[PDB]
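Just one chain is shown here, as structure tokens, and it is the form deposited in one PDB entry.
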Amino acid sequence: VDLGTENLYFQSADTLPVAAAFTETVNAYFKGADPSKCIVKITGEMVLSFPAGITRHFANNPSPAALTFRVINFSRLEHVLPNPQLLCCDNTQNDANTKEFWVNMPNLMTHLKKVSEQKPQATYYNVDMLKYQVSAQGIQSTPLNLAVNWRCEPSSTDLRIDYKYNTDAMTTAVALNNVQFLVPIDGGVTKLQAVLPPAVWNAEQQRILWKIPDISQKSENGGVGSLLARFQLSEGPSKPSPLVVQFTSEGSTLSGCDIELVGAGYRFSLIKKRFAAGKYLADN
């Protein structure tokens, strides 16, 4: 066969398609159950992706249009530049709801050639454009509000975890997926007498693990639920340990920030937005 029309066209004409990705990370810490207490640190990265064949298009059209883009709903941010060569901005006043960035083309081209030598059979080359910090409030900046309670008796430990799905922390209500709840139980732990929902006790590491596939307002509970466990200890009592949660999402940012293309030459095939938990702890 021959190459497609899409690939032929892209490798010798027009205005190029690129893809943008905003990938954010929530770090959170809850203490007791008192709202804040809660401490939040939200990180982010903005990645631009260029289709394979772009190195041929740059070899057939050696003087490319300039890539110029604009992050919208800025100012919550606090950016670095993972690649200070290849990317720049104004730097001056003030802290508007918008910021403009522009790309060093000869660099972008050398960079893409390099990545293509390293990974020839990839569909997309990702280039890290921005790194950033969103900000930073209380319990209302966290997608999933945690609250943990122990009852540590001399030979039995009782665990309650209450979780609250939180729309206020995201731009558009999207599901939380592959939610994991991990909590170490010391003491003796001989038996997991009872549990709800089902969970897995891990003998070797002495911790209990819950896997909830999706949390949302479409989901069971309506997003607000409980996990309960009861252990029998040989030693005792247990010293409470911090709960570690993990989750991922796709469809929204936590920042709300977005991206516009400025010049001509380029267009956005896709803008992907996702966030995941980083260090997401809750303590007694």
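For clarity, a rigid core is taken as the largest C-alpha set superposing within 1.5 Å between two forms. Start at 1 with the first residue shown and count on from there.
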{"item": "Gap at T98 across at least one third of the other PDB entries", "value": "no"}
{"item": "Mean C-alpha temperature factor, higher of 139-147 and 196-204", "value": "139-147"}
{"item": "151-159 or 91-99, whichever carries the higher mean Cα B-factor", "value": "91-99"}
{"item": "Top Cα B factor in the deposited entry, candidates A173, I185, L81, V71", "value": "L81"}
{"item": "Top Cα B factor in the deposited entry, candidates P35, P64, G53, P240", "value": "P35"}
{"item": "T43 - which third its CA temperature factor falls in, relative to the rest of the chain", "value": "middle"}
{"item": "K273 - which third its CA temperature factor falls in, relative to the rest of the chain", "value": "lowest"}
{"item": "Lowest, middle or highest third - CA B-factor, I259", "value": "lowest"}
{"item": "Chain thirds of CA B-factor: placement of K119", "value": "lowest"}
{"item": "Modelled-residue ranking by C-alpha temperature factor, third containing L233", "value": "middle"}
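The same protein also exists as the form solved in complex with a partner chain; that form is not shown, yet it is the one meant from here on.
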query: 4.5 angstroms heavy atom contact with its partner chain in the entry with it bound for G236; finding: no
query: 4.5 angstroms heavy atom contact with its partner chain in the entry with it bound for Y165; finding: no
query: Its partner chain contact in the entry with it bound: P51, any heavy atom under 4.5 Å; finding: yes
query: Any non-hydrogen atom of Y124 within 4.5 angstroms of its partner chain in the entry with it bound; finding: yes
query: Interface segment, criterion being heavy atoms within 4.5 Å of its partner chain in the entry with it bound, picked from 28-36, 213-221, 43-51, 228-236; finding: 43-51
query: Displaced position between this form and the one not shown, chosen from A173, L196, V80, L209 (C-alpha, 2 Å or more, rigid core); finding: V80
query: Comparison of CA distance in the entry with it bound with shown form for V80, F74, at least 3 Å; finding: closer
query: Relative Cα spacing, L261 and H79, in the entry with it bound - shift of 3 Å or more; finding: farther
